[PDB]
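Encoded as structure tokens, the following chain is the form deposited in one PDB entry, with no partner shown.
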């Protein structure tokens, strides 16, 4: 039963996975369950497909693609988002800094819960959906690729924000003639250390948020109100 695939029903329908692939996903989830007896995996099993519960597949406006979940216990299942009682991590600080600098009426919030963006059509996905406490480069690759390939062919006029070189590698999956693809180095401060001589654009000054909104406005779609967050 599709209950074991942990995906929200709208997604289980949209993606329309084959029997073969449903068994490949079920085997991976059972492998992660086994791993949890030994080591600690983030996020918890229940919160793996959290991004699928917030965001409806047909409603997607922007696709933000990260590297992998946070590894200090703050991963929520929705990429780069933290719990409202939880302290905003460095990566999320950099995102809020670029929003402050670019978006006109934006003001950085006290809380880091991006649930509001998902309800607005922002898919916060990572290339790998799990992490060992304190890397799972494991076998998620195929599924996150399947999601991107599925969004790119089924939906029209979406924006794909790729951050870091693990995200950038997904570039050939997106149909450039149908959607907008914007690439930048990862928001993490460590991305300013490695890749100081990088040919890829720096996250600081990338202006992805306004650029995405201009594309949506141009294609007569509703914009993302980035500033619509707690406080």
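Residue numbers count along the first chain shown, from 1. Superpose the two forms; the largest set of C-alphas matching within 1.5 Å is the rigid core. Residues that one form lacks are left out of the comparison.
Of the other compared PDB entries of this protein that include residues on both sides, all give residue 69 atoms, none of them, and so not a third, leaving it without. Of the other entries compared for this protein that flank it with modelled residues, all give atoms for residue 176, so not even a third lack it. Unmodelled deposited residues between residue 137 and residue 138: 1 to 3, per the record.
According to the entry, the deposited sequence has 1 to 3 residues without coordinates between residue 134 and residue 135. Legend: mean Cα B-factor per stretch from the PDB entry, 195-203 versus 27-35; the higher mean is in 27-35. Stretches compared: 47-55, 158-166. Higher mean C-alpha B-factor in the entry: 47-55. Which of 67, 177, 183, 188 has the largest Cα B-factor in the deposited entry comes down to 177. Highest CA B-factor among the listed residues (91, 81, 144, 87): 87. In the deposited entry, the Cα temperature factor of residue 110 places it in the highest third of its chain's modelled residues. The deposited CA B-factor of residue 212 belongs to the lowest third of values across its chain.
Compared with the other modelled residues of the chain, the Cα B-factor recorded for residue 62 ranks in the lowest third.
One more form of this protein should be noted, the form deposited in another entry, which is absent from this view; the next part is about it.
Residue showing a CA shift of 2 Å or more between the shown form and the other one (rigid core superposed; candidates 191, 174, 60, 49): 191. With the core held fixed between the shown form and the other one, residue 27 has its Cα displaced by under 2 Å. Three angstroms is the minimum change: in the other entry, the CA atoms of residue 193 and residue 101 sit closer than in this structure, by 3 Å or more. Once the core is fitted, the segments that move between the shown form and the other one, counting only runs of three or more residues with each CA displaced by at least 2 angstroms, are 37-39, 188-196, 200-202.
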